[PDB]
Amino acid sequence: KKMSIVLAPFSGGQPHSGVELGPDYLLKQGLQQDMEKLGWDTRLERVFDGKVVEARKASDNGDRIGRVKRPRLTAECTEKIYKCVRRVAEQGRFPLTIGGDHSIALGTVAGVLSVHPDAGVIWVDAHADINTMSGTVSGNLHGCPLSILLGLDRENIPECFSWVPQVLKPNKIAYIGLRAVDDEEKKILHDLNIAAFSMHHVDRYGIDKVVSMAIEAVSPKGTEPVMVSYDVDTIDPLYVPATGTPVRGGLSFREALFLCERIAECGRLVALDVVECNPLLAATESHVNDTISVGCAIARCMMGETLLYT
């Protein structure tokens, strides 16, 4: 049980400052002590300085390529995370990456799939995060990682992203909790036949059935490695208020944590990302502690914590 907690305090994939404070905040809640208490030998991995990156972000509006914002900054930071995560996985350690906005998954997924080529990817999110370079309206890259990982709209992806290995195939990615998919993204999922389970399926079949379906969808070869990239805005805002893109009608706190227990239970989780925790985007301090403690909660449940004896 060797784990490396990758610190990825990046906010360049979106507009709002504060999300780079996620890593520090989670660690204050005692994320490492919790992992250690779950029997994991943990080591912290710092990939870059959040203050320096923030500084460079807030100032250079010139970093743009069309609607896309901060491709250069984003490309540089996610390559750093990729190299870190790839190394963490080669050393045989479990990489637990804490963001940071979801654009960091560009480096995490590439890093993990580079070592575990047949690893499936469960994207827990209210969003599909698969907008293409020329398709994105907002230009916020945290909503475009999967398009770049799948190499969609190749011809329009910047040179600064040339580093991204092409290891993820559409049949190895499954979504859970979708409810704010852009029209362009709907067409993409349908055309690539991506296994996507929206809140409709959860409402229709119950979370247990959805998680089972999602795991099977990316684990056909019998039983392969599984990676989970967890966007906290999947959870209904009334549970996760402090986030950049909240959408009502999401997972309940119970379903959000139950999903983790089911994944833990299958015993094939090889990596985990917990992203989009933005402490600054909270009304009261109640909103902050509820969101950050949720991040640590999914971490604990994903890493084996159960309600009863085990």
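Quick note: we count residues from 1 along the sequence shown, nothing fancier. If you superpose the two forms and keep the largest set of C-alpha atoms that fall within 1.5 Å, you have the rigid core.
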Open item on the list: Given a rigid core fit, name the stretch, 220-228 or 110-118, whose C-alphas are on average farther from the form shown here in 6 other deposited structures of this protein.
Closed with: 220-228
- [ ] Output the stretch having the higher mean C-alpha B factor in the entry; the candidates are 245-253 and 267-275.
- [x] 245-253
TODO: For the higher mean C-alpha B factor in the entry, choose 134-142 or 225-233.
DONE: 134-142
- [ ] Could you look up the Cα B-factor of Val167 in the entry and say which third of the chain it sits in: lowest, middle or highest?
- [x] highest
Open item on the list: Quick check on the deposited entry: does the C-alpha B-factor of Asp203 sit in the lowest, middle or highest third of its chain?
Closed with: lowest
- [ ] Consider only the C-alpha atoms of the modelled residues in this chain, order them by B-factor as the entry records it, and name the third containing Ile188: lowest, middle or highest.
- [x] middle
Open item on the list: What third of the chain does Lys83 rank in for C-alpha temperature factor, lowest, middle or highest?
Closed with: middle
Open item on the list: Quick check for you: using the entry's CA B-factors within this chain, is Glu155 in the lowest, middle or highest third?
Closed with: highest
